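Heads up: the structure comes next, in structure tokens.
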Amino acid sequence: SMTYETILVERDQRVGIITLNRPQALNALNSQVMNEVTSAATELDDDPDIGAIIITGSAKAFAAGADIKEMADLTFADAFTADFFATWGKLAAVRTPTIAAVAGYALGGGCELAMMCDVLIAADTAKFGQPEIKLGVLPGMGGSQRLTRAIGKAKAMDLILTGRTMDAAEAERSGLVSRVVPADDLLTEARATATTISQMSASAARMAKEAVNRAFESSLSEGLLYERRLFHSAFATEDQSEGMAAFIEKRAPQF
Amino acid sequence: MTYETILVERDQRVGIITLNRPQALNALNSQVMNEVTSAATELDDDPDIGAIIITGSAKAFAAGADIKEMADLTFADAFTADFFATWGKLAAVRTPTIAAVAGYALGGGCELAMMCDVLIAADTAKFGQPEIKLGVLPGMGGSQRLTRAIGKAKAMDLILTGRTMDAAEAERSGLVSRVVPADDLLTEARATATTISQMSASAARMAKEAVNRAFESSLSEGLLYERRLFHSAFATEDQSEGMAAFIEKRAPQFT
Amino acid sequence: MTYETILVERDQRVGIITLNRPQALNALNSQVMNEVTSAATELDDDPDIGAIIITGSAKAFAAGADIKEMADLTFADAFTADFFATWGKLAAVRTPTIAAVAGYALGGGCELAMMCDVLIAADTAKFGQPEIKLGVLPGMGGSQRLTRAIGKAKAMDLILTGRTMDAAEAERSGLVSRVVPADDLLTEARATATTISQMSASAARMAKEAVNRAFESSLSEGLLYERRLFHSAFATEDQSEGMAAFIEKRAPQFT
Ligand SMILES: CC(=O)CC(=O)SCCNC(=O)CCNC(=O)[C@H](O)C(C)(C)COP(=O)(O)OP(=O)(O)OC[C@H]1O[C@@H](n2cnc3c(N)ncnc32)[C@H](O)[C@@H]1OP(=O)(O)O
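Given below as structure tokens:
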């Protein structure tokens with residue numbers, strides 16, 4: 000069953016939407032959000048009727064940081080024993096394409112959540128940052144890894160060491176976001192994008208996303224070989240036949 | 001010397017390979033693949049060539065791939081032939097290569113452009129990977145090279161939705177070296193090719209090889225490799241010449 | 001220590017290294033390499049320093065490594081000395097470094113800037129890797145750091161042609177953190193340095209190190225490394241203080 004305390008979930012067509020729902024805390028991420036979001040994403044992933052997954056917050060904040068109260072008295076013993084934050088890894092293991100729709104504050108864990116998704120659509124109001132340094136820690140949800148890989152060392156060092164924010168426009172030309180859309184149009188644009196992707200062959204889309212993810216896990220030489228073999232294997236799927244046949248017959252595919 | 005799908009011109013120390021299938025918008029197929037790599041190799045081995053341009057028409061650099069060769073392809077066939085692997089001969093070219101890209105560079109075409117070292121784009125250039133729409137995925141390194149060029153967010157967007165990207169976006173995203181007016185594309189490409197071909201051959205070959213290392217190993221290994229190459233250059237006449245010329249406040253004469 | 005080629009000053013928790021060969025536009029010779037790395041190491045080891053700035057004159061950050069010194073090299077001198085390897089000492093510096101670049105940052109100068117964590121550019125700054133055309137190639141990590149920063153197409157362009165990149169192009173390409181007016185460069189860098197040095201020293205060191213991992217291994221390994229480092233920060237006083245301060249809406253007192 001799909002009822003959660005900190006999030007809302009809507010299934011429409013082949014698109015699933017995970018809305019962060021903690022207005023009282025500006026959508027701050029806590030242990031329960033981690034567990035609810037990953038559980039939801041995972042269920043949507045196993046659902047053969049779902050072809051794209053959106054993660055979003057409110058117009059005010061995608062997710063403005065984390066509950067510092069959960070972390071405040073945590074010791075290294077509790078941290079190592081619980082493997083604090085490791086559960087977020089379950090989001091990255093989702094095979095179906097994911098879309099972060101980001102309005103307002105995407106800070107700390109919030110910025111890192113956005114970066115875990117495959118596609119990142121931002122409102123013009125979106126503000127990205129990693130202020131963990133200010134709290135005497137550092138990013139714990141992959142920020143030092145994905146940010147640096149997206150925007151380059153100079154900018155990632157700047158944000159992570161000073162804690163400054165980056166607005167939608169800068170994020171777009173720096174490599175962080177896919178596209179910037181007007182604040183009022185965010186949810187509509189994200190659903191439109193999610194629709195397009197969810198209407199692709201589920202198999203082909205899963206493979207493409209997988210191939211892209213390899214670009215960060217090995218040398219180019221190995222990524223090229225992996226992509227080529229995956230490509231070869233797609234010719235064993237019926238969706239490639241239907242897809243190419245649809246192209247020839249100049250029609251919509253029926254996967 | 002005579003090719004069915006391409007034209008080859010030599011001008012001084014610059015070789016130019018021009019895709020030549022107007023009737024098909026310079027779409028790639030097995031023949032184009034065999035001919036381009038055959039021509040490029042041959043130019044690579046010619047001591048009187050120091051730079052190679054690959055270009056298409058003003059409307060299409062290469063508008064995609066031939067759907068015919070893929071429509072009834074089985075996994076067994078693709079695996080046995082190692083379909084597309086031959087494009088790897090282009091990467092093995094030691095001499096610097098310049099893709100001069102006008103108009104359409106889609107699917108395989110976009111991938112062809114990404115294989116070159118330098119990419120000069122007409123202001124008319126459109127890039128994209130529409131493989132997903134046909135129920136397959138990039139098979140010529142697109143998911144590897146695009147992602148490394150322009151970051152995850154935008155590569156995922158392009159590869160999963162098939163959306164096009166104009167020349168200006170490509171320039172600020174990391175995909176292209178420079179954007180020039182369409183009428184000036186070929187002229188500008190030859191100027192660049194001329195410049196590169198008049199550098200020391202061995203030094204340009206070491207420089208290209210070093211840059212290529214950046215995608216094949218850790219930074220600490222890449223650093224060691226570059227430094228060793230750099231040291232090696234001191235066993236060439238061209239380094240002594242180039243450095244004497246700076247000190248003597250003159251133009252170098254590489255031989 | 002007394003230095004012949006640099007100037008060092010300490011102010012609060014900020015150390016500043018000024019390249020001081022004005023007669024050679026701060027060309028980077030072996031003596032500069034040794035002194036900069038010695039000064040940086042000394043500053044790194046001083047518990048009263050929390051950030052380090054490296055800068056040149058308003059006319060040049062550094063206009064290449066010293067060509068006169070290099071003309072005097074055989075392959076044997078270079079291999080035996082492991083020419084340029086000592087610059088690695090600067091990468092071993094745990095404390096955050098900020099390159100404040102005005103005017104010329106060419107070859108070794110551009111490379112030195114890229115070695116630093118944060119890069120602040122005057123609007124007047126010019127970047128380049130013109131080593132080619134001395135009949136050599138970058139020897140201080142240029143082929144590695146530039147390529148990872150700005151993508152293949154532009155790094156090949158710059159490295160094979162020797163063309164210059166203005167500060168504005170560098171900022172949108174991935175090379176620089178921020179661009180500021182030439183008159184405000186030293187002021188802006190000091191502000192950034194101050195911000196960074198007033199952070200928890202251990203947090204900053206961890207964060208910087210985490211970010212540096214993004215170039216040394218796969219994403220999955222970088223992710224794990226970060227999380228372990230994040231857990232270990234909960235064994236530090238500063239984590240406890242940094243977070244208690246935030247909850248209590250006050251200013252942190254790091255020890
Ligand atoms: C580690 C690596 O990867 C390898 C190295 O970086 S390769 C270094 C390659 N460097 C370059 O090609 C450019 C070097 N410098 C220049 O081209 C020019 O100085 C410039 C374009 C930066 C501006 O020149 P300018 O404003 O007209 O003044 P200019 O007269 O050239 O320089 C002033 C003095 O500093 C010297 N100088 C400038 N750059 C130098 C360098 N990289 N090495 C040794 N001396 C240098 C000049 O020779 C001159 O002194 P002398 O006439 O007495 O010999």
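Residue numbers (the entry's author numbering), protein chains in the order written: chain B, 0 to 254; chain A, 1 to 255; chain C, 1 to 255.
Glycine residues also receive a C-beta, built at the ideal position from the N, C-alpha and C atoms.
- Distance between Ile150/A and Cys110/A, taken at the CA atoms: about 13 Å.
- Collapsing the DSSP output to three states places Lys126/B in a strand.
- In this structure, ligand 1 has a non-hydrogen atom nearer than 7 Å to the beta-carbon of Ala65/C.
- For a Cβ distance threshold of 7 Å, nothing in chain C lies close to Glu209/B: the least Cβ distance comes to about 13 Å.
- A Cβ-Cβ distance of about 17 Å is found for the pair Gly141/C and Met165/C, leaving them out of contact under the 8 Å criterion.
- Separation of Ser202/A and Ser220/B (C-alpha to C-alpha, rounded to the nearest whole angstrom) is 24 Å.
- For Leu28/A, no CB of chain B lies under 8 Å from its own CB, so it is not counted at the interface with that chain.
- In the structure shown, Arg178/C falls within a strand segment according to DSSP collapsed to helix, strand and coil.
- Close to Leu229/B, with beta-carbon spacing below 8 Å, are these residues of chain A in chain order: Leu137.
- Every alpha helix (DSSP H) of 4 residues or more that sits fully in the segment 115-171 of chain C is shown, in chain order, as 142-150 and 152-161.
- For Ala153/C, not one C-beta of chain B is nearer than 8 Å to its own C-beta.
- Ranked by how close their Cα comes to the Cα of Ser143/A, the residues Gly174/B, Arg10/B and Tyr225/B have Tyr225/B in first place.
- Nearest C-alpha to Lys154/B among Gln129/B, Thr97/B, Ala65/B and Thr5/B: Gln129/B.
- Beta-bridge annotation (DSSP): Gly15/B is paired with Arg10/B and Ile52/B.
- Within its own chain, the residues whose Cβ lies closer than 6 Å to the Cβ of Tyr3/B, once the five positions on either side in sequence are excluded, are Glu35, listed in chain order.
- Exclusion of the five residues before and after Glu69/A leaves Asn29 and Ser30 as the residues of its chain whose Cβ lies within less than 8 Å of its Cβ.
- Sorting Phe230/B, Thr194/B, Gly135/B and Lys89/B by C-alpha distance to the C-alpha of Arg10/B places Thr194/B at the top.
- Close to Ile16/B, with beta-carbon spacing below 7 Å, lies no residue of chain A; the smallest spacing is near 17 Å.
- Beta bridge pairing from DSSP links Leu106/B with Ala63/B and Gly128/B.
- Per DSSP, the unbroken beta strand (DSSP E) holding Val101/C starts and ends at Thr97 to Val101.
- For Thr74/A, the chain B residues whose C-beta falls within less than 8 Å of its own C-beta are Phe234 and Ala235, listed in chain order.
- Going by C-alpha positions, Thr41/A is about 21 Å away from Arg145/A.
- For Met199/C, no alpha helix (DSSP H) encloses it, and the DSSP letter there is neither H nor E.
- Separation of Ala251/A and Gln239/A (C-alpha to C-alpha, rounded to the nearest whole angstrom) is 13 Å.
- The three-state secondary structure of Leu73/C, taken from DSSP, is coil.
- Look at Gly64/A: its C-beta is not under 8 Å from any C-beta on chain C.
- Excluding sequence positions up to five before and after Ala214/A, its CB lies within less than 6 Å of the CB of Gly222, all in the same chain and listed in chain order.
- Contact between the segment 41-52 of chain B and the segment 83-98 of chain B is present: three or more C-beta pairs spanning the two stretches fall below 8 Å.
- In this structure, ligand 1 has a non-hydrogen atom nearer than 7 Å to the beta-carbon of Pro130/C.
- Selection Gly56/C, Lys89/C, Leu43/C and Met33/C evaluated against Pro22/C yields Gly56/C as nearest (Cα-Cα).
- For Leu25/A, the secondary structure class from DSSP, reduced to helix, strand or coil, is coil.
- Not one heavy atom of ligand 1 is found less than 7 Å from the C-beta of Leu158/C.
- Within the same chain, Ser202, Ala203, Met206 and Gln239 come within 8 Å of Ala233/B by CB-CB distance, once the 5 residues on both sides are set aside.
- Just so you know, the alpha carbons of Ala182/A and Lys126/A end up roughly 12 Å apart.
- Residue burial is scored here from C-beta neighbours: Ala113/B has at least 16 other C-beta atoms within 10 angstroms and is therefore classed as buried.
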